[PDB]
Amino acid sequence: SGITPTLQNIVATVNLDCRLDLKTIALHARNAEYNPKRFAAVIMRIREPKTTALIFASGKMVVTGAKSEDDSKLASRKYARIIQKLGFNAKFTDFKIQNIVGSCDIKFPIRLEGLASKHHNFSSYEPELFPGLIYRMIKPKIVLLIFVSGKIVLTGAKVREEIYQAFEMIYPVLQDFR
Amino acid sequence: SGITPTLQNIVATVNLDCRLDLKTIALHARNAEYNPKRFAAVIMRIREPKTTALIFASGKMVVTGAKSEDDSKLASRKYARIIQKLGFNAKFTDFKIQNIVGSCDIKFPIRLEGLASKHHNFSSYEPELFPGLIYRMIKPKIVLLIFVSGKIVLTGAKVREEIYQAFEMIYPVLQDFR
Amino acid sequence: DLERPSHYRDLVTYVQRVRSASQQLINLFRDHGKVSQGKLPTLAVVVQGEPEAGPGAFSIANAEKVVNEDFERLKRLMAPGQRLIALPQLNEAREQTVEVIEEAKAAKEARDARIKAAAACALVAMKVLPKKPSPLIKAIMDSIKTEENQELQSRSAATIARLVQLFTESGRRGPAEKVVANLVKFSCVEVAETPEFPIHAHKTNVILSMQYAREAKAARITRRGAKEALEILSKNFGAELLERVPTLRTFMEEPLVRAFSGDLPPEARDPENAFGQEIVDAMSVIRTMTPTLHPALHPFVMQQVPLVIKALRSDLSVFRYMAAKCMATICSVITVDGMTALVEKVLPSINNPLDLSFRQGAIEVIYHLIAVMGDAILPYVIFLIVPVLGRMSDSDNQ
Amino acid sequence: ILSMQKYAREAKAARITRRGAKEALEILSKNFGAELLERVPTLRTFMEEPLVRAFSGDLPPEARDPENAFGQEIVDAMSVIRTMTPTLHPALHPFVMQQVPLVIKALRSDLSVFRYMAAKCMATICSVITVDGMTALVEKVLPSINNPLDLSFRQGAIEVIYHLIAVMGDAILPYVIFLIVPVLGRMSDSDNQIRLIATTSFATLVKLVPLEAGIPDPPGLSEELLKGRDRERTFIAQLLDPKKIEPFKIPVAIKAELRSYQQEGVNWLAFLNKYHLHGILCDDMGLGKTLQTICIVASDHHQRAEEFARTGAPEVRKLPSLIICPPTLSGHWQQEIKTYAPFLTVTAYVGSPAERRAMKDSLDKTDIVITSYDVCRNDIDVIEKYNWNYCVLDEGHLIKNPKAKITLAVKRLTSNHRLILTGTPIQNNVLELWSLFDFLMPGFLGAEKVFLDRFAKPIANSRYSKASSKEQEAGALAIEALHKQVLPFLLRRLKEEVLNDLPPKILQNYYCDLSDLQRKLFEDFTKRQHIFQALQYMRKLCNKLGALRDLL
DNA sequence: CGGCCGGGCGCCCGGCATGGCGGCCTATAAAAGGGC
DNA sequence: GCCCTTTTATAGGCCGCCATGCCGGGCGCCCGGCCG
DNA sequence: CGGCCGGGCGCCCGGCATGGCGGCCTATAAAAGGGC
DNA sequence: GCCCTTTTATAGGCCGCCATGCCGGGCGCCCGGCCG
């Protein structure tokens, strides 16, 4: 079993249940940028907890960058408050975490070629294109990028226990190859 | 294919076709030793080609130590002559080589454990008892002793081509394991 | 004093991990290896340290026994030929088991050391001075070396700073001098603050300023702890530090009065002579300690500046490196005197054509002086500007 | 002594390349004959430029730099002399003869590789240019073998002997007379590797010593070499003949009078002094070992000091002498030195643990230094860093147990001469004698296991015997061998032989039988832990009062 | 034997403009939500 | 394709640069000679 | 403040004789022929 | 088991050694005090 993963990113979606005039948000908030040619949302930011919000005209927003579930929820609530202050009748509704990313560093290098050869059905490896082995796991639906340095990053999770289970499942395989 | 074995010992048997009084051989020849308690033969030696002969009372002898077939045959003929000079009516008959030993040194170490694991049907390895891996080959009937240093000694052959064939057969296996 | 407990309830997770790995070794690889039932009695289900765990609970000792004695026994019990098939996976499992055992033992050692350090801090706090101070100093210094937690390391630093003062007042000085020597030793362990002489013994007329992952953290945490200890010691002793403790003086000074008047042992250039490392270890302490000394010791460093400047003019590259660092610090803190020394007896030497060492040291001193002083260097840029302008077009590349 | 200290692929390439180059150079020299030193200068530069460089005391700091190529170029240059000299023409023998003064200094240098290469090259030169090279050796190498402080001098001058023997082989017969005494002395030298190679050289040389009395003189020997052979003959003649000279003394006006047995003792000490052998003056107490010891020490110091005025070599340096006594005898030693040898100067490193720093550097400035066993023990880590001329232990028996820390301390004292004063060199076990001789002459009686098997086990097994050849003969042979081995290095003289007024001593045992109560207690104890408690209880219950009452 | 000898050839000059190594720089890879 | 966040990290192609020349024209050097 | 203080304890002494590391030394392995 | 020849080579057990003691008995050192 051994060491535990450290979460690095959490993505949450929350519906404010009201239409927003994006340019009015951009012109009033210092911490907002709007470029309709590049992207259809205003990119707001706050410094506690450090997070970014893609707030769309339809009332949905995507809050990213948090390191914990409580931080993500609190940041989403703060963004809803900020939209409320600008005059819109935004209401915090429909919160749901939709991605968690983790990272871990087991203390030994990995023989990626042998791992790819043995577990070819569940992995892909093109070292000319990307220096990391890609591993897709069916039971917890987690995708792991495995690197020769002994560092693994897990993605696609919707709960912390999913990345924990994925690391527990993958650790014996990495032990076998050095 | 690569390098070629070097022959190290050839054992030949020749029948002199006449009874011999061993103690009379010992008492007259300087180069003969006789110890009936230890062994039943007189151990004669000559210095060209360097060989030893176990000469028995029944008329048989075993000539050992030769590095080539011609040298072995010539040494056997010389020993027959020496027995003739001591008065016995010995005659050179029934020459037949019965063992050839070879040695070779491929230039890489060998992973003995993996070789033993894969080829368990034709090998034995007890590193607590003997550092060399034993290998028994069915087709040419040659027994090879493999060492981690990259040195192989072949034995049991009755012709040079047998050790050559055995080395050709075994070389790919040793290439596979480092 | 008394031996520590064999286990702690916090490490039941580690022991359970060891139990699972050992069970894997016993069971799965003998099913693979075709050894009949009765190979070994089952491991104790309850691990040591848990509540309601019997005296025969699974322990690390059982893990060692199975990974050595039962491993040999089971190997001998395997049928011939099948042993050849099975053994490599058995070796892999055995090595994994040994790794988990080592992890558990290391965790136990860390917890024991932390508890001992806290107890020692408590004992020194209430002013206990044992007649036979064998284990107390050991625990405290272990918590200065291998303490990843900054707060407990600072507490142990204060503990040593008070212990030295109490022993000085008591009059006994053996252990006091021993711990002062050990502190000065640990302060110089970090490579980035004092390099390993055996590596740089072969480099001449090169600017050092222009030129395993696990150990990098250990060195810097140990140096952090030692430096905090030395700082608190100096703040405690105030003006009298140069009187109370002389062992620090010998460490700092013996290679400085040595090598004077052009003196140079041939072994100073020997990679296998320890004094080549001891010189730089000595000269690091001046930089490490001078900013936190009392102003009453500013005359001491001022009187030693004639040694540091000559070290800066010396043909030894590490001498010039350390002299540049120390002169930068001294001019930072003893400002007027150090800058007088610099402008009057370093900058004149910057233009020497033949003495490449003079120019090299006298430019590296400026580099480090700017880097350390920052905004404070404003009144002296008028002194520093012309040498740098001239040396931008110098023959030497670095 | 560095002579004592994919790769397999390169090892063959190196030697085949060196074989080819050496054959090429040999044929080139034979082609050119006498004129090779004229026609080809680049060879001369390669051979010679690091030889005139680094001479006259010269030493670049980069010569000690691992990353400087010249540190390799020096030895690469010095190899060519050995590689080429035996095949040169005799017309170039003057060239190598003129360069011998450079190679001898290369042998005296503090650089180890310099000494290695110089030993090799001098061995070759003495092989081929025999008379001149051996004149240089006997006149300007062997005198330096005895220098106490110059460790490099002794090391190079013993390695040159090693290689000279190894290369010359049978040709060294007329010259063994010069080399026998240095190796004999250096077998007992303070330094380990000098002792080892001197042991090998002596194993080679002693077999040839019986022939040296009659080897025909080589035809070309210089007058200095004939004089050297004659004086070495007279030197050795006293060692290998029971005849002996009148003892060595310095007849100072204030010098004390010597008794007859003291005269014999100083004679024995002088005999040891000449040939650099060490002994134990294991006389009975009350015969005045102090007078003999200070006499020989003062005579040696006087002789060296006088010789330092007739010469300028670093052989003499007015080195200190050390004496280690129990604390009670320091006053007696100082009084005897002052009253019998005034011109000596004395120092007492007996102060308090802080006081000793007041005379830390005075150790190197006074003729005689006195110290205690325990003061030396606690401060050995600083006393080891000094060299001494004489190292005297006043009570040897203190250092009989090898595991005791005092022995480990005292055996680190690097001294030119080394002597133990005692009364009981062997008290309980012969391993005490082994421990003493390990300090005096290391390696002389072998390692611990060697001495054990040779002597100690038979000696212990001889404790219970009834004239049975199974164990009596073993013990008898062990004592005879140990007697012969250590005979010349002990000088026991009984108090009965010296003192003209000491009445005889008579001994009687008083026998009695144990009392009833104690007898019953012991008989009960037979039924009744540790082994030692039984012996202690037997000692206690053994407690005679009527016997003492009647005896008084 | 000393001193001036010719004597060869390696070095540098200069043009335009083509082909073969370059370093460096995204793009590569993974999840996901939203809208365009 | 387009964008936001996050830890991981390195090797193919694309745009450049860069030494390639090769005929006369000259200078300077050392490398072979000989001359009275 | 200088100088003698007691004061503790580490070091060494010595016995017999038991148990736990030792280095070193065959024996290990392979073919085969002969005779005892 | 017994022997002859040959190239390969290293790690278990067996016979030893070797430091273990532990009660009084002493010496010497430094490490704590104080005394007029």
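Basis: the model, the stated rules and, where named, an outside source; none is laboratory data. Here Cβ is always computed from backbone atoms with ideal geometry, including for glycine, and neighbour counts include all displayed protein chains.
Within the range D:211-240, can you find the residues that are part of a loop (DSSP other than H, G, I, E, B) and more than 19 Å from D:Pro182 (Cα to Cα)? Hits for the range D:211-240 are D:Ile215, D:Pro216, D:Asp217, D:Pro218, D:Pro219, D:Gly220, D:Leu221, D:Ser222. Evaluating B:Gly102 against the criteria (1) more than 12 Å from DNA strand H (Cβ to nearest atom); (2) outside any loop (DSSP other than H, G, I, E, B) leaves one unmet condition, (1). Limited to the range A:72-82, what total is found for residues that are touching a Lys or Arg at 6+ places or on another chain (Cβ under 9 Å) and closer than 20 Å to A:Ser103 by Cβ? Of the residues in the range A:72-82, 0 are touching a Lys or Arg at 6+ places or on another chain (Cβ under 9 Å) and closer than 20 Å to A:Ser103 by Cβ. If the condition is being among the small types (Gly, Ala, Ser) and either part of a helix (DSSP H, G or I) or away from chain C (no Cβ under 14 Å) (or both), then the range D:16-67 contributes D:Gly20, D:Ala21, D:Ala24, D:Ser29, D:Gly33, D:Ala34, D:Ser56, D:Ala63. Residues that are within 13 Å of chain C (Cβ to nearest Cβ) and assigned to a helix (DSSP H, G or I) are absent from the range D:87-104. Scanning the range A:152-167 for residues that are near DNA strand F (Cβ under 10 Å from one of its atoms) and more than 12 Å from the chain's Cα centre (by Cα) yields a total of 1. Exactly one residue out of D:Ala460, D:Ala474, D:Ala456, D:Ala534 is more than 16 Å from DNA strand G (Cβ to nearest atom), of a type in the set (A, V, I, L, M, F, W, C), on the phi < 0 side of the Ramachandran plot and surrounded by 10 or more Cβ atoms within 10 Å (Cβ to Cβ): that is D:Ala474.
Within the range C:74-131, the set of residues being touching a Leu at 6+ places or on another chain (Cβ under 8 Å), of a type in the set (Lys, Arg) and within 13 Å of another protein chain (Cβ to nearest Cβ) comprises C:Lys75, C:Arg94. Of D:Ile380, D:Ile399, all but one fail to be of a type in the set (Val, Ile, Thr) and either surrounded by fewer than 21 Cβ atoms within 10 Å (Cβ to Cβ) or away from DNA strand G (no atom under 14 Å from the Cβ) (or both); the exception is D:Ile380.
Only a single criterion out of (1) buried (at least 16 other Cβ atoms within 10 Å of the Cβ); (2) under 20 Å from A:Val11 (Cβ atoms); (3) not assigned by CATH to the domain that holds A:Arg19 is not satisfied by A:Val159, namely (1). Of B:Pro49, B:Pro5, all but one fail to be assigned by CATH to the domain that holds B:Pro172, away from DNA strand G (no atom under 12 Å from the Cβ) and under 30 Å from B:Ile142 (Cβ atoms); the exception is B:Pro5.
Restricting A:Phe88, A:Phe108, A:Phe95 to those that are part of a strand (DSSP E or B) and either surrounded by 15 or more Cβ atoms within 10 Å (Cβ to Cβ) or within 15 Å of DNA strand F (Cβ to nearest atom) (or both) reduces the list to A:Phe95.
A count restricted to the range C:255-274 and to residues that are under 25 Å from C:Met302 (Cα atoms) and within 14 Å of another protein chain (Cβ to nearest Cβ) stands at 4. For the range B:114-150, a tally of residues being within 14 Å of chain C (Cβ to nearest Cβ) and touching a strand residue (DSSP E or B) at 6+ places or on another chain (Cβ under 8 Å) returns 12.
Of all residues in the range C:17-32, those that are away from chain A (no Cβ under 11 Å) and touching a strand residue (DSSP E or B) at 6+ places or on another chain (Cβ under 9 Å) total 2. Counting residues in the range B:76-83 that are away from DNA strand F (no atom under 16 Å from the Cβ), in a strand (DSSP E or B) and of a type in the set (A, V, I, L, M, F, W, C) gives zero.
Out of curiosity, is A:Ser149 in a strand (DSSP E or B), away from DNA strand H (no atom under 16 Å from the Cβ) and within 30 Å of C:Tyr212 (Cβ to Cβ)? No, not satisfied. Flag: C:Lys203 matches the condition of being under 28 Å from C:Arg269 (Cα atoms), within 14 Å of chain D (Cβ to nearest Cβ), among the basic types (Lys, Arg) and loosely packed, with under 15 Cβ neighbours inside 10 Å.
Select, from C:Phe237, C:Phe319, the only residue that is crowded, with 16+ Cβ neighbours inside 10 Å and within 14 Å of another protein chain (Cβ to nearest Cβ). That would be C:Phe319, the only listed residue that is crowded, with 16+ Cβ neighbours inside 10 Å and within 14 Å of another protein chain (Cβ to nearest Cβ).
Being more than 16 Å from the chain's Cα centre (by Cα) and more than 19 Å from B:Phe95 (Cα to Cα) is true of B:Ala40.
The residues of the range C:172-194 that are in contact with a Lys or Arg (Cβ under 8 Å, 6 or more places away or on another chain) and surrounded by 14 or more Cβ atoms within 10 Å (Cβ to Cβ), listed by number, are C:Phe186, C:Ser187, C:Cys188, C:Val189, C:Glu190, C:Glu193.
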